[PDB]
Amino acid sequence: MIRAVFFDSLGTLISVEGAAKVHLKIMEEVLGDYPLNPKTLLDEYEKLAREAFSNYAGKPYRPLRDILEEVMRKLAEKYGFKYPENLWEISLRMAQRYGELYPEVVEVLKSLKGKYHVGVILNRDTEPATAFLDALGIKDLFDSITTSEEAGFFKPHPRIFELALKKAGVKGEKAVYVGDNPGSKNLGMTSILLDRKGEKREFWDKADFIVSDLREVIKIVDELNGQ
């Protein structure tokens, strides 16, 4: 009965060590020999970035490119370094060089594809997100790529999930939702929380299933289709 499987963000796919290396290598190229610790710039950027996502959560869409460029403009003014006009070119190049997926992603996505509609749902701009998936080498492994830019509202507004389901052409009850965060609620979708290092034990009643890696997603869908 399960016909579609959706992943909530790149966090379910990119390794923590990979994403950290990409972000640091971006800040290192931005700064060059400027007398600022690139790790400090990164930590401050992330702080301001998380604030922006919270401020815009559930609001009408505004290009994340514009939001994050404003953040970098603030930092360049605060610390005094030259604003990187080629920021997004740097970011994609570093993602392609240093972006590392969790080891099971490619094989699990290929297995799910061909049996089910496999989609990714992203709180991002469409062209950048699609280019990022291409730089990571998994763009073609998704039947659908659905973004807040397409939906017109930032998560957790339900429109993005309604759109994802309509691209697949299935009721919410015929789809599962895999995410790193405890949110598709009240749309009928089966929720699978991904806790790779067992440090989300608190919200282990906030999901229908709990897995430590993506291979178990196939096991759960096989179980549900059997019941």
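Heads up: residue numbers just count along the shown sequence, starting at 1.
> Missing residues between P158 and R159 in the deposited sequence, please: none, 1 to 3, 4 to 9, or 10 or more.
Nothing is missing.
> Taking the recorded C-alpha temperature factors, which stretch has the higher mean, 203-211 or 20-28?
The entry gives the higher C-alpha B-factor average to 203-211.
> Which of the two stretches, 52-60 or 172-180, shows the higher mean Cα temperature factor in the record?
That would be 172-180.
> Please pick out which of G114, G119, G99, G152 has the largest Cα B-factor as recorded in the entry.
Most elevated C-alpha B-factor of the set, per the entry: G114.
> Hey, what third does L41 fall into on Cα B-factor, ranked over its chain?
It belongs to the middle third of the chain when residues are ordered by C-alpha B-factor.
> Which third, lowest, middle or highest, does the CA B-factor of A4 fall in along this chain?
For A4, the deposited C-alpha B-factor lands in the middle third.
> According to the PDB entry, is the CA B factor of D143 in the bottom, middle or top third of its chain, that is, lowest, middle or highest?
Within its chain, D143 is a lowest-third residue by C-alpha B-factor, going by the deposited values.
> Divide the modelled residues of the chain into thirds by Cα B-factor and specify which third, lowest, middle or highest, holds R196.
Highest third - that is where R196 ends up once the chain's C-alpha B-factors are sorted.
> Using only modelled residues of the chain, where does the Cα B factor of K185 rank: lowest third, middle third or highest third?
Highest third.
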